[PDB]
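Scroll down for the structure; my scribbles are underneath it.
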Amino acid sequence: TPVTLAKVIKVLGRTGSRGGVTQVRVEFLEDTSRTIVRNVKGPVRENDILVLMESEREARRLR
Amino acid sequence: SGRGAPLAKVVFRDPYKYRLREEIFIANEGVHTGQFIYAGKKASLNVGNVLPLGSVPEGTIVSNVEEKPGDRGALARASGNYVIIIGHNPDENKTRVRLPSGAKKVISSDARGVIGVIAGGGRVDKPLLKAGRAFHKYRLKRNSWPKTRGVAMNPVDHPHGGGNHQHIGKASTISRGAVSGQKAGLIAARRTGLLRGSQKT
Amino acid sequence: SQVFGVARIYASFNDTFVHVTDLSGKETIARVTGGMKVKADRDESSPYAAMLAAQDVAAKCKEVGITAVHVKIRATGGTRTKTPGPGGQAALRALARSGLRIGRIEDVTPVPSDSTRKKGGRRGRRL
Amino acid sequence: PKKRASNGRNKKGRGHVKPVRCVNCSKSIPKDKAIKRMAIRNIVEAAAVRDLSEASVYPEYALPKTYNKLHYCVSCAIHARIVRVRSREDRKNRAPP
Amino acid sequence: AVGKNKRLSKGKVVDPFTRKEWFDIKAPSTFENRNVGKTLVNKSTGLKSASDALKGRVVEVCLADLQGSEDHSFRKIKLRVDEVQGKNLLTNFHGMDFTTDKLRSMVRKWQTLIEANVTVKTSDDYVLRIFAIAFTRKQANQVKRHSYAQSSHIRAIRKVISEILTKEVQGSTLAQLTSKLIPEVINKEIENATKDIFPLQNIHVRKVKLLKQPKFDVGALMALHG
Amino acid sequence: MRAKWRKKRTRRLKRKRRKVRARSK
RNA sequence: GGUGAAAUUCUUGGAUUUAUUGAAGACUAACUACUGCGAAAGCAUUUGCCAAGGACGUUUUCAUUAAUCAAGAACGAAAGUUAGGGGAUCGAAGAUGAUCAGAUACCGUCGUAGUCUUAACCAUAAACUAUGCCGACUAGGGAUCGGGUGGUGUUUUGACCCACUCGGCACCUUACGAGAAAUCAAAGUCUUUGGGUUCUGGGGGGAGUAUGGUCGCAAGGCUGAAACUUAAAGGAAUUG
RNA sequence: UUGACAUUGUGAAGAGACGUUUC
RNA sequence: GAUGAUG
Numbered sequence: 005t006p007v008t009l010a011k012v013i014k015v016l017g018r019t020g021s022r023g024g025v026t027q028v029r030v031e032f033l034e035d036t037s038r039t040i041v042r043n044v045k046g047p048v049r050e051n052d053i054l055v056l057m058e059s060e061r062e063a064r065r066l067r
Numbered sequence: 052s053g054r055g056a057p058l059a060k061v062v063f064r065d066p067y068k069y070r071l072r073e074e075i076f077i078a079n080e081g082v083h084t085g086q087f088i089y090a091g092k093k094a095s096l097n098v099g100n101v102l103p104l105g106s107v108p109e110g111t112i113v114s115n116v117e118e119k120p121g122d123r124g125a126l127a128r129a130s131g132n133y134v135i136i137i138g139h140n141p142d143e144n145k146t147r148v149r150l151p152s153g154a155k156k157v158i159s160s161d162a163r164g165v166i167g168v169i170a171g172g173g174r175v176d177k178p179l180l181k182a183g184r185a186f187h188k189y190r191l192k193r194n195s196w197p198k199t200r201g202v203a204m205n206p207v208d209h210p211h212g213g214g215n216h217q218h219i220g221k222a223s224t225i226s227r228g229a230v231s232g233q234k235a236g237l238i239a240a241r242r243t244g245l246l247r248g249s250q251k252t
Numbered sequence: 011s012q013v014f015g016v017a018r019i020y021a022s023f024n025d026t027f028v029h030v031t032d033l034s035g036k037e038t039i040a041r042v043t044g045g046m047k048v049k050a051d052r053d054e055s056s057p058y059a060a061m062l063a064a065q066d067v068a069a070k071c072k073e074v075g076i077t078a079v080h081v082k083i084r085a086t087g088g089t090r091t092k093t094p095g096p097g098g099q100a101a102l103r104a105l106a107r108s109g110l111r112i113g114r115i116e117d118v119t120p121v122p123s124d125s126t127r128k129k130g131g132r133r134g135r136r137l
Numbered sequence: 002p003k004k005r006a007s008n009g010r011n012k013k014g015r016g017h018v019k020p021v022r023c024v025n026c027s028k029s030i031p032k033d034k035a036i037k038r039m040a041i042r043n044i045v046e047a048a049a050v051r052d053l054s055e056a057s058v059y060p061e062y063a064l065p066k067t068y069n070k071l072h073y074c075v076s077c078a079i080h081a082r083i084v085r086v087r088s089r090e091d092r093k094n095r096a097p098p
Numbered sequence: 002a003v004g005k006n007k008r009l010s011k012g013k020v021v022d023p024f025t026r027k028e029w030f031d032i033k034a035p036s037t038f039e040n041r042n043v044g045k046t047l048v049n050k051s052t053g054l055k056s057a058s059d060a061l062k063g064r065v066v067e068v069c070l071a072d073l074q075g076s077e078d079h080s081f082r083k084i085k086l087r088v089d090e091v092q093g094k095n096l097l098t099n100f101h102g103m104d105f106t107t108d109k110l111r112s113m114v115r116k117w118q119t120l121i122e123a124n125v126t127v128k129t130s131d132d133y134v135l136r137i138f139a140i141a142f143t144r145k146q147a148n149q150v151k152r153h154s155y156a157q158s159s160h161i162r163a164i165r166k167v168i169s170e171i172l173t174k175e176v177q178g179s180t181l182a183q184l185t186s187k188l189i190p191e192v193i194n195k196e197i198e199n200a201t202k203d204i205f206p207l208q209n210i211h212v213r214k215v216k217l218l219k220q221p222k223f224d225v226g227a228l229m230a231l232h233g
Numbered sequence: 001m002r003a004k005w006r007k008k009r010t011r012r013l014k015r016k017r018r019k020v021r022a023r024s025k
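Residue numbers (the entry's author numbering), protein chains in the order written: chain Sc, 5 to 67; chain LA, 52 to 252; chain SO, 11 to 137; chain Sa, 2 to 98; chain SB, 2 to 13, 20 to 233; chain Ln, 1 to 25.
This is how it looks when you write it as structure tokens:
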């Protein structure tokens with residue numbers, strides 16, 4: 005299956021009962037000007053590149 | 052005699068030769084002596100008049116409705132009883148009516164009826180205190196009283212009879228196909244017991 | 011130009027229906043629910059299940075020949091919640107991104123005027 | 002002691018007030034005592050407004066809205082964090098946030 | 002769930024879209040745009056017929072889409088298939104109703120709501136129930152924060168509405184009633200007659216639904232389509 | 001115990017004293 | 001389908017979902033508020049009919065006819081009772097799935113009496129403002145409901161706007177005053193103790209029990225003790 | 001109680017088999 | 001908005 009790439013443009017906060025899940029907003033490389041918010045599992049900064057296995061799943065917040 | 056509702060005697064005028072012709076109706080509530088009773092396709096909607104069913108509005112209450120046009124009354128002739136008119140089917144010349152039993156029929160619009168309810172209502176809400184008042188009730192109806200219980204008879208006399216105790220011995224529910232001599236008890240019963248709940252019509 | 015159907019999203023808790031029909035309502039083009047996309051009972055109403063369900067409706071409507079669909083969004087209603095479930099927005103999003111054009115949108119929950127009695131008793135669900 | 006002069010409800014000059022059912026637990030509570038909120042939102046959430054504009058057959062289509070009025074009992078109003086325990090001096094305040 | 006089914010049947020496939028055709032729904036002449044869409048149906052196999060299923064199926068259509076401007080977008084129309092000529096379906100008015108969002112936006116608090124309804128028969132033997140809705144509006148320069156009306160007022164406003172609706176629906180045919188509904192004529196009559204009782208806002212003929220139709224005459228339908 | 005249920009108990013107890021004593025009438 | 005997760009249950013004999021039409025009973029949404037009415041219980045869709053009521057306006061009329069009450073009387077939520085009708089929803093009992101050490105409970109699904117109406121009983125509630133009724137007097141501020149007066153105010157008799165007044169539902173600030181305190185425009189004008197009048201209480205338990213009357217079809221309602229036991233029960237605030 | 005045959009004729013449609021026709 | 005008895 006295809007895989008799409010996106011670029012973190014902001015880090016919103018932290019979630020999970022124990023803080024191991026940061027929340028980010030991203031900008032897709034191809035077809036930019038589409039942004040999605042989703043959760044990540046390890047340390048992360050601005051300008052990082054994330055490989056998204058499925059593009060269209062916007063992620064919920066525990067608070 | 053033998054009838055709970057009162058009758059009414061109405062005398063019309065023979066339309067083919069000079070005489071008077073008397074007719075026995077069944078009185079509807081509010082019909083008094085000296086009243087004028089109009090019967091036809093163009094009579095008015097007052098209590099006592101004999102109109103076709105297709106000539107009255109929905110919700111009307113009629114009595115002595117004939118089930119085919121010309122039978123001279125069949126459907127509501129006991130005391131306090133009546134019939135309601137639900138709908139009309141002008142294409143088919145048919146009317147929908149609810150009967151005293153809760154059933155619904157489709158009967159011709161040309162069939163007739165009388166407007167009102169049968170007189171003598173409320174009769175069955177006064178107890179017969181005595182066995183002697185049931186004696187005289189059936190003295191002018193027919194031979195159906197007193198009633199002996201089959202389970203008190205001998206086995207030669209009834210399916211229920213016999214035994215060192217008074218008991219049926221088999222299910223009192225009897226198949227519809229049972230032959231004469233077998234049909235005692237409850238015939239073709241869909242259920243049995245104390246009826247709890249809604250009518251389930 | 012455009013061939014129009016009607017899309018009915020019944021976004022309840024415990025499930026989400028996405029099924030399209032002709033403009034008259036009698037004939038159905040496609041019907042698929044969230045439950046037939048997931049294996050566990052608790053996830054039937056999830057946004058993801060609603061998203062997968064809508065992507066199958068779009069696939070089928072394309073080949074039957076419908077190129078646009080109006081929308082009617084519903085909740086259980088009556089004596090029940092009257093608030094859309096978790097997965098209603100996902101289905102509407104998924105139809106839009108599958109290439110199907112979107113016409114009008116309306117909320118068609120049944121509102122009861124004043125009604126028959128509500129479930130639960132006088133003290134409610136004690137939990 | 003008497004915790005409130007309003008007895009926790011808005012009833013003065015009446016004998017009875019008809020009941021209403023809560024939107025979570027279905028428990029009956031007089032209308033004048035229920036906690037009432039009017040929720041209004043666009044039919045399409047903020048993330049989806051853009052994609053719906055592209056798909057819109059009509060140009061310049063105004064987004065419809067959803068309207069519903071919600072009744073909460075005291076127990077379910079505390080839990081959902083719609084109202085919160087408040088200090089004595091702060092209980093008297095009536096104004097919204 | 003996918004893998005939870007217990008029994009498939011109480012006991013111990021073809022593509023359905025190969026045997027359907029499309030038709031073309033056509034509105035009556037009262038509306039500018041005569042075309043409203045298309046619909047499917049099974050073919051006229053021996054034990055069936057297309058017309059026996061096409062007849063009597065109802066399609067709801069925006070009034071703005073029938074007149075040519077999305078300003079009227081908050082009113083809808085219902086049309087009923089009456090005859091199938093060739094490959095297009097002919098329809099006749101069936102009713103009308105607002106959108107739920109439009110109605111609910113009008114109902115704000117701090118004002119009194121007035122409603123009225125009337126059952127009448129047009130001059131061409133249709134029976135209808137017309138509904139009306141009004142509201143009380145704040146006067147300009149008003150300091151008081153609510154605009155309620157005494158029940159004496161509401162009884163008069165409701166009586167003026169009732170006579171305007173009867174008067175306007177009878178004498179006119181159903182087609183002539185439709186031509187009065189689109190320009191929103193009645194909402195202006197109500198405003199002029201209710202001035203001296205109470206000022207009002209959001210006056211609308213909310214919905215109209217048919218209750219009984221005259222015996223079907225083919226001539227009536229063709230008149231509105233030729 | 002709760003006042004309501006204590007009241008009930010005394011009622012279901014009087015109902016029994018009221019009938020055992022009816023045997024001697 | 002249902003839940004926090006599930007199961008019983010319904011489904012290839014077509015369930016759930018969609019369209020068109022029809023029947024039955026109940027209910028009166030949003031508008032709905034520190035707003036209205038009624039002796040209280042209570043009263044919310046339209047219109048017609050029958051009788052009734054507060055406040056206001058009044059240079060009408062009568063002339064002490066009045067205030068409050070043991071006994072006696074009418075009305076009196078829900079549940080409950082007797083007999084017809086109705087019986088859609090919800091649902092004491094009952095039956096079932098789950099949870100659990102048990103779960104004859106909370107949770108899920110069915111479901112009888114009941115829920116609704118006519119006739120006749122019942123006479124109770126945190127029936128609460130836990131605050132009896134009539135009367136006079138004592139502080140500040142504003143908002144609202146009904147009537148009336150003045151402003152030919154201003155937009156088009158009506159709707160608004162400013163001032164004023166009588167009668168209501170209430171509300172904000174303060175302590176002359178009251179109180180054990182919480183708090184109160186009455187719970188003030190009470191050791192400086194007296195405007196008229198009715199009802200109830202005398203430490204906690206036993207006990208609203210036994211017994212005798214009286215009322216009810218019954219469930220029960222009103223009236224209602226003693227032996228004996230006991231040093232504390234209780235009200236409002238304070239620090240943990 | 002249910003099936004078949006006779007009482008038992010006459011005009012239309014839909015489908016079917018090797019023009020005639022049986023459901 | 002899963003469970004959590006007692007000294």
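Virtual Cβ for every residue (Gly too), placed ideally from N, Cα, C.
8 Å contact criterion, which residue i and residue j should meet: CB distance rounded
{"i": "SB/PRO35", "j": "SB/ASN99", "result": "6 Å"}
{"i": "LA/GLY131", "j": "LA/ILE169", "result": "6 Å"}
{"i": "LA/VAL202", "j": "LA/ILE225", "result": "With a Cβ gap of about 15 Å, LA/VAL202 and LA/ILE225 do not count as contacting."}
{"i": "LA/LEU237", "j": "LA/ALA162", "result": "Contact doesn't hold; Cβ gap of about 35 Å is too wide."}
{"i": "SB/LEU135", "j": "SB/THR129", "result": "7 Å"}
{"i": "SB/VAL215", "j": "SB/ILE193", "result": "Their Cβ separation, rounded to whole angstroms, is 11 Å, which puts SB/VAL215 and SB/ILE193 out of contact at 8 Å."}
Among the options, nearest to residue i - alpha-carbon criterion
{"i": "SB/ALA230", "options": "SB/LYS45, SB/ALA141, SB/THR37 and SB/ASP203", "result": "SB/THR37"}
{"i": "SO/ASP51", "options": "SB/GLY4, SB/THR25, SB/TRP29 and SB/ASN42", "result": "SB/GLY4"}
{"i": "SB/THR126", "options": "SB/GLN146, SB/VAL176 and SB/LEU110", "result": "SB/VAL176"}
{"i": "SB/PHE138", "options": "SB/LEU188, SB/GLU39 and SB/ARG144", "result": "SB/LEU188"}
{"i": "SB/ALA182", "options": "SB/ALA200, SB/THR52 and SB/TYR133", "result": "SB/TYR133"}
{"i": "Sa/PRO65", "options": "SB/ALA60, SB/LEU110, SB/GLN220 and SB/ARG115", "result": "SB/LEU110"}
{"i": "SO/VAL48", "options": "SO/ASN24, SO/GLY131, SO/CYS71 and SO/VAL13", "result": "SO/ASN24"}
{"i": "SO/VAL42", "options": "SO/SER123, SO/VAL67, SO/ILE83 and SO/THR31", "result": "SO/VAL67"}
{"i": "LA/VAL62", "options": "LA/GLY85, LA/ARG54 and LA/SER52", "result": "LA/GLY85"}
{"i": "LA/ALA240", "options": "LA/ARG227, LA/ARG247 and LA/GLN250", "result": "LA/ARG227"}
CB of residue i within 8 Å of CB of residue j, strictly
{"i": "LA/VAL116", "j": "LA/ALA125", "result": "yes"}
{"i": "Sa/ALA35", "j": "Sa/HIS80", "result": "no"}
{"i": "Sc/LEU54", "j": "Sc/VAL41", "result": "no"}
{"i": "LA/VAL207", "j": "LA/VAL165", "result": "no"}
{"i": "SB/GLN146", "j": "SB/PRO206", "result": "yes"}
{"i": "SO/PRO57", "j": "SO/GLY87", "result": "no"}
{"i": "SO/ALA60", "j": "SO/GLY15", "result": "no"}
For residue i, the residue or residues it bridges with in DSSP
{"i": "residue 18 of chain SB", "result": "Along chain SB, the last residue before the gap is 13 and the first after it is 20, so residue 18 of chain SB carries no coordinates."}
{"i": "SO/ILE115", "result": "SO/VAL81"}
Residue i Cβ short of 7 Å to the ligand COA heavy atom set
{"i": "Sc/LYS11", "result": "Summarising the ligand content, the structure contains no ligands, and the ligand COA is consequently not present."}
Contact the stretch 12 to 22 of chain Sc vs the stretch 24 to 35 of chain Sa: 3+ CB pairs below 8 Å: no
When the Cβ atoms of the stretch 8 to 16 of chain Sc are set against those of the stretch 28 to 35 of chain Sc, are three or more pairs found closer than 8 Å? yes
May I ask you to verify whether the stretch 143 to 159 of chain LA touches the stretch 185 to 196 of chain LA, counting CB pairs closer than 8 Å and requiring at least 3? no
Closer than 8 Å is the cut-off here; do at least three beta carbon pairs connect the stretch 78 to 93 of chain SB with the stretch 43 to 62 of chain SB? yes
Would you check if the stretch 82 to 93 of chain Sa and the stretch 40 to 54 of chain Sa touch, i.e. whether three or more CB-CB distances between them fall below 8 Å? no
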